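J.: Pasting an experimental structure with its sequence.
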Amino acid sequence: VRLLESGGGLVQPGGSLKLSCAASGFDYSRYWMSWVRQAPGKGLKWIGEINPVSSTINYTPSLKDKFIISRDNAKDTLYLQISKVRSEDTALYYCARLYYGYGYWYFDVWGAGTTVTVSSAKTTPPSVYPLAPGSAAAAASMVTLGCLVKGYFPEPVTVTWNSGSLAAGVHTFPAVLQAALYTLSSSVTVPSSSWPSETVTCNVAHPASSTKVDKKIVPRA
Amino acid sequence: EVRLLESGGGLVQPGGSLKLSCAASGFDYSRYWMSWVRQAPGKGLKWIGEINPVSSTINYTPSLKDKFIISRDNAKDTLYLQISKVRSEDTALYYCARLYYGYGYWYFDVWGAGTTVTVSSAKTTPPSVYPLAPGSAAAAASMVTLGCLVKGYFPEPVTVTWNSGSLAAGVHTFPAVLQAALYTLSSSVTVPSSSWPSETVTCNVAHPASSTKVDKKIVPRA
Amino acid sequence: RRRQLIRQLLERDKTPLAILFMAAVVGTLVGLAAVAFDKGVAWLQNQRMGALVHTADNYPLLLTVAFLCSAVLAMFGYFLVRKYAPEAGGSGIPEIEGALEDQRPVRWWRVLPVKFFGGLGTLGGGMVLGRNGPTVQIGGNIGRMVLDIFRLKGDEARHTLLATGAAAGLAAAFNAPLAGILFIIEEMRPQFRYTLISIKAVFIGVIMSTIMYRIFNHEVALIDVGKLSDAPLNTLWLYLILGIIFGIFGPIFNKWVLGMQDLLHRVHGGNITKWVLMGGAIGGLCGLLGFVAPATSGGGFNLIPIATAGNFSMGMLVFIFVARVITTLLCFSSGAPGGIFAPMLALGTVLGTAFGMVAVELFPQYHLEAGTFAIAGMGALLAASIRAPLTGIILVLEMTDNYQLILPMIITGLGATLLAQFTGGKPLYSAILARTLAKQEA
Amino acid sequence: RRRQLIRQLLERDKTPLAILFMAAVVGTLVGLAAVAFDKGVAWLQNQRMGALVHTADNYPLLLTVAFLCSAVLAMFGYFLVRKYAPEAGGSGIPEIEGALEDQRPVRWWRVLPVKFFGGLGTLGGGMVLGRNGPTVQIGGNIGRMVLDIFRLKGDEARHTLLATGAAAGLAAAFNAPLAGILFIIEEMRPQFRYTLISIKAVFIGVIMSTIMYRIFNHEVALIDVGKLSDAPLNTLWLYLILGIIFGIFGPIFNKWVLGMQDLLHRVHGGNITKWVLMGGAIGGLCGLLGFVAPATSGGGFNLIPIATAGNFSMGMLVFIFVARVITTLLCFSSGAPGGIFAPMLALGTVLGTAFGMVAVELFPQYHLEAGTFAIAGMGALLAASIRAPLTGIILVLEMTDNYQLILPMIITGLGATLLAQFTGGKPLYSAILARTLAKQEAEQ
Amino acid sequence: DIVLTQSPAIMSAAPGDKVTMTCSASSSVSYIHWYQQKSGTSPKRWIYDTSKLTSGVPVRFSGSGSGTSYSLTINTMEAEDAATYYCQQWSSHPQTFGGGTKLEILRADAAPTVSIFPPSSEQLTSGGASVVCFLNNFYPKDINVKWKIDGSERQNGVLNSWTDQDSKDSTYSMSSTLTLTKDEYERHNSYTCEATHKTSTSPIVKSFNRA
Amino acid sequence: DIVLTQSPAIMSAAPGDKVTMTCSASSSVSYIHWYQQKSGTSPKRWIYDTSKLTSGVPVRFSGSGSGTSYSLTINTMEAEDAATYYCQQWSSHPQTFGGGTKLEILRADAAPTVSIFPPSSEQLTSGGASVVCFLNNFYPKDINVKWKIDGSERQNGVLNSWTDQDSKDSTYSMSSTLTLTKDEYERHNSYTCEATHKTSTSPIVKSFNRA
Ligand SMILES: [Br-]
Ligand SMILES: [Br-]
Ligand SMILES: [Br-]
Ligand SMILES: [Br-]
Ligand SMILES: [Br-]
Ligand SMILES: [Br-]
Ligand SMILES: [Br-]
Ligand SMILES: [Br-]
């Protein structure tokens, strides 16, 4: 039972865009769907709902067609279309499947989110630089590797190492914005035995430009 | 509408294998048994097998062991058929059916377009296109018959339309004849004495197995 | 009593095989009968349709050929029931309840052709009446017929075969084998004394009847409504308030079907020519309405899905109900052979959908679908007026297959049969048999 | 008597508001009562299982704490019956039916505690017994209690509130409202004379009862079996065959519980010490079989969906039918508080599945799903052993929601009750009142 | 397994005319189904359960039968009724279709419009020489073709190819193609092509000389 | 619209304490729900209908309240419970969320683990120079980094970023990134970051020489 929303990314102020939520795992008909949003750092805010036969559609106190919620049961997909877009819609958009206990309704299963950035900038893919220790093999039981993800827009990117294989030992630090560009790093710590013995590759991925980069941390010499 | 759309057939070499695919649209593809039935060229309908919605009972005709593999993909709404160790016997037009009943005597409810499976060691080969203009001592009657010859291609089939198929009236293409692992057919067209050579009559042949599009113009001879 | 009881227990449920073999034979005939009644009614609705084709230009001529096709068919039924079998007017269910009390006669040689061909008349001209009253009456007469033919003896064999016929008759009229058996238990048995109706024979009759219906009618169903949503518990109280409306209007509507029986009689005074001429104008009005607004005519099973799917407005739903409240009385209180059962199912469905729409606006926090209240109101009049809610519930259930609504359906049901009792209302099929016994000693 | 009838017709269905209000409260309590009884049986079954984990390595010590835990709770429930209420043994539907004939009393000061804690013992131990016989007899006395408490007079009230109790009892035992009303109308009521059981009121009880159960039990259904295939006309004759198979086996099953009542009484002869011990040994066997062959113990609701889907071998379906016939006799014939309804749904399912299986192989032109024949055979032992086929039908309809199978379910049920009657066989709730009234006299 | 044999293998009949085909069975069979296949289209289910018309099948169609011998019938045929009717059973496992019955329009005789064609200059340079002869629009379908090369009967390198009955004129056609090498083609001068039919005793000769 | 307000915006607690947070509403609400949202994750239905726990929520959690006062209560809080918790009603349309209570964990001290990384070869071939310094797994969050180039102190071009509190060990992390041009990086040699924490009075200082 999954919810997988897409179509976020960059929009021009005043513009419009169509978010999409793919559902799988459950009879998507016989289910109200809904949209909640979360501005960066802020809390949740209900956008709208929609019943199974598309015959009932409700919204938050919004203007004429600010939001427009469609659905296509034929493809188990939910839709959302924001227009005349301003900075208050720069948020993370959640797609929730609704349901009830005693009948007071709740957001049952939430999606993962998709991110809308309202900005006048350019969609830029990142550059991924490997961060290997200086040729000062001050080996303890562990070595710390990094890679450095610089100069992309908009948010977010996803960094993994060895495709999740190293899950433990990883920190990805929150992106920092300068000159209308984002930069982050990612720490991975592994036994001195596991490296350079075994390959260590860092998997940066920037969906806003459908760009992945698999940089491999090679030692210096 | 209710649409059964199968694909996947084509040229395959004896001993090979292929996986035909029937995609459903217009009904709950689950809750229905699905079935495969094929039709050899110049023969009657023959039943392959069937498969119930939960894939918990698959029945195939008296024909060998892992010859046939019927499966379904309810999540994709697609029905599959795998044929192994392909003989010439397996050259036929393969149909996809949705099963139902009335009194409980089960029938083949809605059929699909079909797809064609050709089992030959012959190699794919483009057609040579030749005009059939009438001879110089043309006994110019009220209606003149033109033609083009689509010679030595493989496999089937070609498409032969005239003036982008405007001249659809009074056209017949004939069946292709197979000879030494090549096909040949000719198409006909009858137009008025006043149209040719006055206007341009053209022969559009398309053999897509070999990526061939060609228009051949019919000019008078001598 | 213990000696008595211990002896009776050890010998319980031993229906004479004779009665059972004869039960299977009753339903086989009531089924074919019921099958054939319905094929008839359709066929003549088609003629009215196809003969509207040939006259589809002169809009006044069109309005009139539907008047005449319906008026002429209407009359053939008023006459065939006045001339040859008067107790086969109206529904005939009162008359079979009468028969089971040994208080009315079963004239099968007379009523089977009167009701059958009389019904093809009123039903096929598109009058606000259903097949049930006809098929239930026909069915008992059929079960009486076999009794005589085989000279089976006893009060049991008379009360059993007359019942298994009236059940297997409502079964084949709605494809409702349970709601078949439930009518005999809940509404059409001797209601004040024990009787020797063998349930196990009613059952075998309903099976054979239904099996007949499925041989001529399968793959298709009379009401298709979808799978509507579920009913949260913080929603059930809306289904109580609905039943309270049905509970008060149920009896009011009983006064009118009883009242207007008496006022249509003042028209013709009992005279087969003033009467058949009246019901030809009633029957010719239903044939005219069935074209200028067909939802105010016919049995009403057409508008039920259009209604439950929320396809009507609030306005059209107010019109259809009032208009149908009127044409319902005019057809049934005129005595034209045909049930009021089905033309009520349409009444409740229309009322439900209305209440449904109102809730949807006052409670968006309840995420409502009006269709669910339609399904709750559908058997609600059959609870507030004929007062047989267990048969009404299980009937709408067997026809709409939304068992997830069984709880709101049971709550609206009781909410009517309760508030009707508390507003002085009467089981209409027994407020009739009451009045029909009152003149039989006056 | 025509003039009497015209008076009676006009005064039809006018239940007195005091009975209609009191049916509301009997529903509610029987509702809360049944919900507690069900949460309790669960809690013991779980702790029982969390003890097998404290001991999951020493497999000999495992089989011991699997046995003694059931034996202790079994004995505790046998004892609580013989020492304070003995008409709470076995099902208890015979006794509430006797109470409708005014031949046995409703000792609610004594059975309410005994049936409830006594059941919890035998049910929580994993004996092969239901919740129905318990919530029914309990629901009955809860009706009598409120009668005696508010001292309402008349026959109507004592028979109505006694009924609505027993009906709302079975409603809340199976989330089956219609089945309960139909149970009183088809089976519980006095079957040789008239009755003043106000049916409208039995409705009000059931409504409240079911609403209470819904409050504590939604989003999870007792049996989930999903939409199965349809049944085509030329398959009906196969369900009528299956019904005949139930018809000749229904009476054979009644004979065994009675003889086994006898054959087990020869081990204790009334002696309350031999008996409470025999309970422990029976109970401890189910708690052990519960661990080592779980489909042969317990109430059997857990293997109903497994059998329907087709996930048992025809071999394993045979094993389960024999073993579960045996353990149901050992548990119900012994007298341990608890019903036989539930165990009869399992045995019925497990049979029709085995039939559907053979039905599939022999006829592939039929395109048979073997699970349609199990839905038909579920309500089938209720038809041929207790002869309440209209109730088991609406009961199975209410639980499995496969209405498209209404005809094969009816057909198989009539198939079973007809062959049961014809082969010389007695309704089980009635042939137990008989031997129970026969001794409430033959001792003189 | 159960064998079905549809008896009038091919047949013709005029429009507005009674048509009647058959399905027989090697063992007894219950409730047969019929499909109508037109060339290029999916078989359409036509008649099921021995007798029952499908939604859209016009009421001029009907079936009846029993045991081991069913049939299909058209009261008044039409043009659109020309096709192939396949019976199929499933009373026994496994199901079986019949051989087919091809239903063609009967019409009034027509004689061929023969066209003879000299090998194109394009084909000759590639080294080949095919003379094509077009016998177009005629009834009934049976016919003979004969090739003559410098007045002499050639029966090598000749291949013919009838079409199926036409939609518009409900006639036929039949191409005949004689293929020689270019070297053997230039050895002779007269190429004649002779059609023998039912509609005459005197064949329609069409020839050309290269000069 | 019902405005809901959660009582502490941010709390701290030490595993074993009994945390209680409280959701309050402008008007009366009934049967409210709670959501758990751990760092970098979608909200998770945690408590519904005031006091019922979503399947899989550990029994240490509990809900209660009525009218306008509602509270969630963790009985002996554990370290994994660190998140922001949201409440939400839908007894009045449109439904509305609370504003969040961020739960923070209190744990034993824990010293940074400093890692210094020089500009990468690929990065110099586009004329930048980022020197990166990792401070991993310290507690408390209070840490002060310090960039010394060639003995001097640097303050132009240094950017820091801390992680959230880890959901198992409750530690913090941080990286410090100094950005220079290709030429500016090459006119120096010996770089170092100085990490100072409450777990060490002499700052931890990792360094590297361009040579
Ligand atoms: Br009447
Ligand atoms: Br009716
Ligand atoms: Br009707
Ligand atoms: Br009626
Ligand atoms: Br008992
Ligand atoms: Br039980
Ligand atoms: Br149980
Ligand atoms: Br029981």
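T.: Good, I have the coordinates. Numbering: from 1, shown residues only, chains lettered A, B, ... in the order given. Ligands and ions are numbered 1, 2, ... in the order given.
J.: And residue E:22, how far from residue E:70?
T.: Computed as Cβ to Cβ, to the nearest Å, the residue E:22 to residue E:70 distance reads 8 Å. The C-beta positions use only the backbone N, C-alpha and C, and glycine is treated the same way.
J.: can you count the residues close to residue 95?
T.: No chain in the question, so chain A it is. Counted with other Cβ atoms under 10 Å in any protein chain shown, the neighbours of residue A:95 add up to 29.
J.: my question was about chain E
T.: 25.
J.: Does it touch residue B:99 like I think?
T.: No - using Cβ atoms under 8 Å, residue E:95 is not in contact with residue B:99; the gap is 9.7 Å.
J.: Mutual contacts of the two, please.
T.: Shared contacts of residue E:95 and residue B:99 (Cβ atoms under 8 Å, 6 or more residues apart in numbering or on different chains): residue B:106.
J.: Give me the helices and strands touching the helix or strand hosting residue C:262, please.
T.: Applying DSSP states H and E as the criterion places residue C:262 in helix C:236-268. Helix C:236-268 sits against helix C:272-292, helix C:314-332, helix C:341-362, helix C:370-377, helix C:381-384, helix C:406-421, helix C:428-438, with contacts defined as 3 or more Cβ pairs under 8 Å, 6 or more residues apart in numbering or on different chains; DSSP states H and E.
J.: Tabulate these (CSV), appending distance to residue D:397.
T.: CSV is the format used below for these (distance: least, Cβ to Cβ, whole Å):
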stretch, distance to residue D:397
helix C:272-292, 37
helix C:314-332, 32
helix C:341-362, 21
helix C:370-377, 17
helix C:381-384, 20
helix C:406-421, 10
helix C:428-438, 27
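J.: before we move on, the earlier item: compare residue E:22 and residue E:70 and say which is more crowded by neighbours.
T.: residue E:70 (26 against 17).
J.: I'd assumed that one was in a strand, is it?
T.: Yes - remark: residue E:70 belongs to a strand, assigned using DSSP: H, G, I helix; E, B strand; the rest coil.
J.: From residue E:89, how far off is it?
T.: 9 Å.
J.: do residue C:53 as well
T.: With Cβ to Cβ as the criterion, residue C:53 and residue E:89 are 39 Å apart.
J.: Quickly find the element holding residue E:15.
T.: Residue E:15 belongs to no helix or strand, assigned by DSSP H and E.
J.: for residue A:220, same thing?
T.: Using DSSP H and E, no helix or strand contains residue A:220.
J.: Apart from its neighbours in sequence, what residue is nearest it?
T.: residue A:135 (4.9 Å; Cβ to Cβ, 6 or more residues apart in numbering or on different chains).
J.: Now do the same for that neighbour: helix, strand or coil?
T.: Residue A:135 - assigned by three-state DSSP - is coil.
J.: Would you check that it makes contact with residue A:221?
T.: Yes - the pair residue A:135 / residue A:221 is scored as a contact, 6.7 Å apart, by Cβ under 8 Å.
J.: Looking at those two, which is more packed in?
T.: In this view residue A:135 and residue A:221 are compared by other Cβ under 10 Å, and residue A:135 has more residues nearby, 10 against 4.
J.: Can you pull the phi and psi angles for the more buried one?
T.: Per-residue torsions, residue A:135: phi -60, psi 60 (degrees, to the nearest 10).
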